[PDB]
Amino acid sequence: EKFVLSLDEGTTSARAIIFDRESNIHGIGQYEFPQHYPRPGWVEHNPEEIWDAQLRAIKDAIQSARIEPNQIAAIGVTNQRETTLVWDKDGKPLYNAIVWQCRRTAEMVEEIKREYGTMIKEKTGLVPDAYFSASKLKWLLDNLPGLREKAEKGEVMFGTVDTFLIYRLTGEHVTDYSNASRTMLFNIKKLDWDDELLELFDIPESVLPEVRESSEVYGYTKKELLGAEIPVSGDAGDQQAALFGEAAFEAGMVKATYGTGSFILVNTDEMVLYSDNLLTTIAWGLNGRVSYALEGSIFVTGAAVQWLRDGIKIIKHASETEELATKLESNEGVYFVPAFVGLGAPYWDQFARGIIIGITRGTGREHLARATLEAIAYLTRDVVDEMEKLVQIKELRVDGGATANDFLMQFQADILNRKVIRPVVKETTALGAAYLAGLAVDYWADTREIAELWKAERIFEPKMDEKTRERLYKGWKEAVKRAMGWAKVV
Amino acid sequence: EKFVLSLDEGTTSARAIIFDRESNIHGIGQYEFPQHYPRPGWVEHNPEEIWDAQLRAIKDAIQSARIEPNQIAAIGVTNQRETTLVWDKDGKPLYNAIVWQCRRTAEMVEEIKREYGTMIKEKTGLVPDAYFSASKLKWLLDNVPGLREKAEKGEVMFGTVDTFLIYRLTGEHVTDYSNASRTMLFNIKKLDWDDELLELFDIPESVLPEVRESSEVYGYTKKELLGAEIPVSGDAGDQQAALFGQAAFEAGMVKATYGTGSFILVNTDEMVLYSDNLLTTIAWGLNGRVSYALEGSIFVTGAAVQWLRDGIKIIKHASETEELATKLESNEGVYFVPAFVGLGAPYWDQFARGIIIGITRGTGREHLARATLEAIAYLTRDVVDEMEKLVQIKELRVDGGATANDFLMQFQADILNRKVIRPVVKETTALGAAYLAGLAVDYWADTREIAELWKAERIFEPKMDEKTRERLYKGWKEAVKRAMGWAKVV
């Protein structure tokens, strides 16, 4: 009878899903939109194609579900983070979106890093880098003819993609704590735009949205858009939303997203924890309570499997990796550190390059496939062990297409000595935004009810003894050391 | 009108070739024979199987050539070195041969080396090793029923495979200086059996062949064997024969044989030079003068291309390696140290294993092929640079199947900054034995005539400046560092 609609506005695709209270999908839609690459290292989206893709996703999902718009109890919104937009009082872009992947501001933030880096890290949980919204917003109103003067009294709204979508759906100009936290203009311990950061990036207050909790009615949709006046009541950044959708509701519950690269986040609850090797960020603001997180990422995980397929071409499909790797009882001394663009935490070596080591006459395709799957697990452990210094790790909940690889998921549990939990619902980003929106209109009673209803497809239990974990991991660290500094030699 | 028959009795096949004055081939025969491995690490040949293969090869070579037995002016003999045989007065073997590959005697050699290791190196030019004949002959004496007793009287003949063939051929019991020098019983500087070593290894003098020049009539075949009485008049170990067949008649001329592994020999003329990284051996003895050599080997050169083909299955044929590698202008930072069973000279690290390094998302089959061919050239340079510390290197003359690879041979020249000379005749081992035999019956007037007749198919000329050369080889050394010690980690 009644359902929650989730919008997951991802970086290459917009998705829409209709869920019931048992997290069954009744309809879904998904449309790709163009990735604009105007100069080298530059990444842009056209907000009108994001919008058209999203709105068609919605229509497909409603059609597939065979519901009327008035059966939609609420809408949650979740989104590619950091990506920075600007628009008219009428909701019309004053420029393309500058995507989180875009490096145009690399040197702008390089300069301020020596002077203001540690202050930026304390206020925000973030290491200054072009990734985040501040430099990008500044770039727009310093290079866009007219923008700064249009901003200088109040004709310009800034937003992250959530904020752009919410404005277009409801008329309101809002963001949630988790999206806000990724702007590098938001003070995370106070829960407010930081005035010093605004002055550093020459940002006029008038463009800023109002910052709200992640679960709350922000506004209602116009009838002429969706056919009903639906409350829009859920907002979080995508990775935070996936962490919610995984029901990672307690401190120490980790969620790892496996893709081209990886994004890993751990719930720290009310603790605001700081690491030299991790981002500190906001998970969500729920019923007056802010939950925090620690975040680590890896550029190359699944891409190492794409390299097996496209570079040396020893497989036709990523999935063949599993059959090859399970022909072996161990790695037989063969490791692969796929440091195609360096090493990140905890080694931080831009000059490291990929290495395969332990090759003998008997080394086969099997060894390379297994070394590649092991490497994804080892890199994951590298991040999780940094988190573990600050918060006890309970378990790993996982999403992304590579989580269908049973070998990788088992080895991941084994090497962490932690359970790995794979959800029945694969679209955890969407499901999280659905949970946040639904809680705000009592579609679910509270988070304990959500957690009681939540269903695992499969639980991978750790089966590897300490001696074995520590010998395998030791191999990994030794291989990593042999990858370091290679591009200085060459 | 007349020709020279050369027998090249190799490790896995016996070969026979009829040559003329111009080193043209007129007849060839070739027969594989069984490798016998009675235990792991143990390696034997049946002498009757060798003999039967060698005799059929001769008859095919003679048939092939359309000649009468008395058109054969002389026979030269060359052979797998070290391999140790024993037989009785009517040519009957009293056991299988123990092959140079056989490790059965490794234990026996290991305790001998602690005490006597250093006088063996000064007497012979050899580091004690199960490789050489001494220990294998001890083993026969101490394990074959009633052999020591028969050898206490003068009833038992020992020798290397040349000595065997020459005895069945002519009834004489002889070897030359080059083969004798590989027994580890023969004093290199004194040119006689060393009495200490015969006692160390408990050899009855009675068993020893007479040691001759490499070019002199030892005897004559039986009319009933080949159909005429033919002088047998040339003998040298296969690698020494190849050096001769490459016309490497002056100090500093190197022969690299490229196979699954490599043997590399430089002529050092009268000079007896000693290295911690190379064997000192005898090249040949000719017109009352003995020439010396330095020898290095590498376990894995061509086997790394076989690994591309049969381990990782990235090529179908060894030759595709040429075209892959010339797709690239450089290695682009990708190195492959194929240290499958460790590093030999000058690193001497049994725990090193294979490394591929410099991998990025754009690393392709082309990078792996090129890095493998570069490795074979870098490894060769590692050995040749050890030779340059004791003798000036003039040029490299090459043989073996991989010398057909123009990319490898050009790169080999470039990295050494030396000319690489590929001969017209590929059968350099047999050719050398043919030259030694023909010199004894004036088929050729002297080594100057052979030198003046000798023909290169291609001379590869260095085209790489010094700065490029040292940058590329620096890369190699850095990749080798990172290969080291790996089997102590896993």
Side-chain angles (χ1 to χ4, degrees), chain A residues 360-362, chain B residues 8-15 31-51 53-54 78-86 93 95-110 112-113 124 126-140 143-144 158-165 175 178-185 201 237-242 257-265 279 281 295-304 306-307 338-345 350 383 400-401 429:
Chain A
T360 66
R361 204 178 73 80
Chain B
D8 163 26
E9 197 305 88
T11 307
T12 63
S13 69
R15 211 174 249 275
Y31 286 91
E32 289 171 40
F33 58 88
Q35 309 302 109
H36 295 297
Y37 317 110
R39 277 105 90 71
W42 288 43
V43 188
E44 310 195 342
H45 301 148
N46 181 353
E48 292 301 339
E49 294 172 332
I50 291 174
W51 176 248
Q54 182 68 86
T78 197
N79 61 100
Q80 41 162 343
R81 302 169 309 160
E82 293 100 15
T83 290
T84 297
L85 277 79
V86 289
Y95 201 56
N96 274 351
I98 304 178
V99 186
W100 60 269
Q101 289 171 328
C102 189
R103 317 257 77 247
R104 88 216 299 132
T105 217
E107 288 278 30
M108 178 195 307
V109 162
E110 190 59 338
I112 305 311
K113 176 185 191 192
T124 79
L126 311 174
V127 179
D129 195 291
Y131 187 17
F132 311 105
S133 310
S135 61
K136 299 169 199 289
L137 173 57
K138 193 172 193 327
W139 190 99
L140 254 58
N143 296 265
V144 179
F158 137 85
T160 33
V161 162
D162 58 312
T163 303
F164 179 61
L165 289 172
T175 189
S178 70
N179 272 297
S181 74
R182 304 296 303 208
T183 51
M184 200 173 260
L185 303 174
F201 289 93
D238 56 6
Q239 291 299 128
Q240 283 96 326
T257 301
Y258 298 75
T260 180
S262 297
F263 294 99
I264 310 155
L265 269 82
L279 313 178
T281 201
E295 174 163 349
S297 55
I298 313 153
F299 289 121
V300 166
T301 55
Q306 293 182 312
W307 175 71
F340 298 170
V341 291
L343 300 168
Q350 196 185 48
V383 162
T429 302

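Letters A, B, ... are given to chains in the order of the sequence lines, protein chains preceding strands, and every chain is numbered from 1. Only this structure's heavy atoms are used, side chains among them; waters, hydrogens and symmetry mates stay out.
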### Task
Could you verify whether a donor N or O on one side chain and an acceptor N or O on the other, from B/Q240 and B/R81, lie under 3.5 Å apart?
yes
Distance col, row B/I98:CD1 vs B/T105:OG1, nearest 0.5 angstrom, shows 7.0 Å
inquiry  = If you apply the rule side chain to side chain contact (heavy atoms under 4.5 Å, CB included), what do you find for B/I298 with B/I264, and how did you get there?
reply    = CA-CA 9 Å; B/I298 313 153; B/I264 310 155; 3.9 Å; yes
- Task: Assess the side chains of B/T78 and B/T429: does a donor N or O sit below 3.5 Å from an acceptor N or O?
- Result: no
So CZ of B/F33 and CG of B/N46: to nearest 0.5 Å the spacing works out to 10.0 Å
message = Atom CD of residue position B/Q306 - does it have more than 12 heavy atoms of other residues, nucleotides or ligands inside 6.0 Å?
response = yes
Under 4.0 Å between a side-chain nitrogen and a carboxylate oxygen: does that hold for B/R15 and B/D238?
no
CD1 of B/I112 to CG of B/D129, rounded to nearest 0.5 Å, is 13.5 Å
Legend entry - A/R361 atom CZ: more than 12 heavy-atom contacts under 6.0 Å: no
B/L137 and B/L185, any side-chain heavy atoms less than 4.5 Å apart: yes
Just so I know, are the side chains of B/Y95 and B/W139 near enough to count as touching, which here means a heavy-atom distance under 4.5 Å? yes
Rounding to 0.5 Å, atoms CE (B/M184) and OG (B/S135) come to a distance of 7.5 Å
Smallest heavy-atom separation, B/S181 atom then B/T281 atom, equals OG-OG1, 2.9 Å
Does B/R104 come within less than 4.0 Å of B/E44, counting only side-chain N to carboxylate O? yes
Here the pair of heavy atoms bringing B/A304 nearest to B/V300 is N-CG1, 4.0 Å
Using the rule given for side chain to side chain contact (heavy atoms under 4.5 Å, CB included), can you reason through B/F132 versus B/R182, listing the C-alpha separation, both sets of side-chain angles and the distance that settles it, and then say yes or no? CA-CA 6 Å; B/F132 311 105; B/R182 304 296 303 208; 4.2 Å; yes
Whether over 12 other heavy atoms sit under 6.0 Å from B/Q35 CD
yes
For atom CD of B/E110, decide whether the heavy atoms of other residues, nucleotides or ligands shown that lie under 6.0 angstrom number more than 12. no
Rounded to the nearest 0.5 Å, the CD atom of B/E49 sits from the OH atom of B/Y31 at a distance of 15.5 Å
Hits for ring-ring contact (aromatic ring centres under 6.0 Å, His included) against B/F263, two or more places apart or cross-chain, chain-then-number order -> none
Any sub-3.5 Å donor-acceptor pair from B/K138's side-chain atoms to B/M108's backbone N or O?
no
dist B/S178:OG -> B/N79:CG (nearest 0.5 Å) comes out at 7.5 Å
Sorted by chain and number, sequence neighbours left out, side chain to side chain contact (heavy atoms under 4.5 Å, CB included) with B/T83 holds for B/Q80, B/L85, B/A97, B/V99, B/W100, B/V161
Test your reading of the model: is there a side-chain donor-acceptor pair from B/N179 to the backbone of B/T175, 3.5 Å cut-off?
no
Q) Are the side chain of B/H45 and the backbone N or O of B/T11 linked by a donor-acceptor pair below 3.5 Å? A) yes
Note: B/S262 and B/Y258 closest approach over all heavy atoms is OG-CA, 4.0 Å
Q.
Heavy-atom count check: over 12 atoms from other residues, nucleotides or ligands less than 6.0 Å from B/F299 CZ?
A. no
Considering only heavy atoms from C-beta outward, does the side chain of B/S133 approach that of B/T160 to under 4.5 Å?
-> yes
| Close side-chain approach of B/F158 and B/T84, heavy atoms under 4.5 Å | yes
Are B/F164 and B/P47 packed together at the side-chain level, in the sense that at least one heavy-atom pair is separated by less than 4.5 angstrom? yes
